[PDB]
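Here you get one chain, nothing else, as structure tokens; it is the form deposited in one PDB entry.
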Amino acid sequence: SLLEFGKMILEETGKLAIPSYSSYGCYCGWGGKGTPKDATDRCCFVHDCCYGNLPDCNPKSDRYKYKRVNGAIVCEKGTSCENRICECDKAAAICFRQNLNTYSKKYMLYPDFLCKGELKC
């Protein structure tokens, strides 16, 4: 759920999910079109695709459990939807961590008309 996800992103990156990753670029936050602006934006694009692999799941609201093993995120057993949502979220948080060196505040609040298409999952 948005709860596990936001706390997972803060743990990984030291950044608040809202607002650092909730209106960034073309894919981070509600909506999505066009070519991702940068690596962090591509993380969001892939996460959107990951959720799109799960049309009968409800990632905003379905809570999953995860733990830390040796600092690593480990998804714990739940429903199939919960396990798959957790893996999507885990990947996005790790992807955000891996691309902190190129995160750019200039992409916050990025305007929709500059999201010049197109990218298939």
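All residue numbers refer to positions in the sequence shown, first residue = 1.
The same protein also exists as the form deposited with a small molecule bound; that form is not shown, yet it is the one meant from here on.
When the small molecule is considered in the deposited complex, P55 lines it closely, a heavy atom lying within 4.5 Å. Contact annotation: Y66 falls outside 4.5 Å of the small molecule in the deposited complex, judged by heavy atom distances. Although the partner is absent here, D48 sits close enough that one of its heavy atoms falls within 4.5 Å of the small molecule in the deposited complex. Using a 4.5 angstroms limit between non-hydrogen atoms, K77 is distant from the small molecule in the deposited complex.
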